[PDB]
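Below you will find one chain, with nothing else, as structure tokens; this is the form deposited in one PDB entry, and questions on how it binds or moves follow later.
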């Protein structure tokens, strides 16, 4: 009665994730000057290029060359030996900016999902949490000089064996771990593989989940000197399952980064997480999936759905009534409840938007019923 489940994450220097962080660096820059900025900033990265495209309504005057280049510096691409350099890369701006509310209409149509699971303290699947932490660990050891051969582009994948308990899920052991990470010309493969096991995996994954049968795919393709935008074109919103629940729960298709609160792709997904987490932390269920949907120009959600996997004594209809009584999921109210005009978005753009840093949507609401 066991099953395998797999989730992945990627590091800050992965080209898709570079674009997410830049898109959010742009959004933060606008919001610092104009809290009411409307932003739909897409970023594209390739060998020697960052291109920005999209539509903005804002009173801000933003230095795109300075914002983009500082974001690439933070990530760690600061020399041509690493395949990309903030000092000398091309930055092209194709943004179209115009000068310029409880019941504001949704900025678009779409559907969004929230999810929570009691298998971890942060109410997230173990598979995705470990995957994220492996990439975070790599960045730490790169930045503090423990493994100076490390470069910013990385990918991890974690397969966990579960058992199920009346619709809830219980992690037993890690079955397989993959790690691929960009590196300098000097470091040999055996040194890298040894370090990824001892200094990364064993520092991150609780020892009770590792055993002698755990499968390790470390630098499985061999060498990986060419990385970042040089090796692989990147686009904003191409890591949406990394950003959310790692294959668990569900997704409505919408990207997060480069978008203001009126874009319910972001705001309503954050709120649905908040609802899902509030239901689990309030003891109403162990595992829960929440769907919402919107029409452009209309404030109230078109639909709200709760799925509890059989982990509640209450019916799904009862949980829906509790949600309706405790949450107002119009964009103009979510913005107040979750403080979404604050320029906090660049910090969400790597290592997942959920299960860390106690952002407002991770602080559960106390429920009246």
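Numbering follows the first chain given and starts at 1. For clarity, a rigid core is taken as the largest C-alpha set superposing within 1.5 Å between two forms.
Unshown form deposited in another entry; subsequent notes refer to it.
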Rigid core as reference, CA moved 2 Å or more between the shown form and the other one - which of 157, 180, 230, 293?
293
Residue 126 C-alpha shift between the shown form and the other one of 2 Å or more, rigid core reference:
no
C-alpha of residue 76 off by 2 Å or more between the shown form and the other one on rigid core:
no
Aligning on the rigid core, do we see the C-alpha of residue 109 shift 2 angstroms or more between the shown form and the other one?
yes
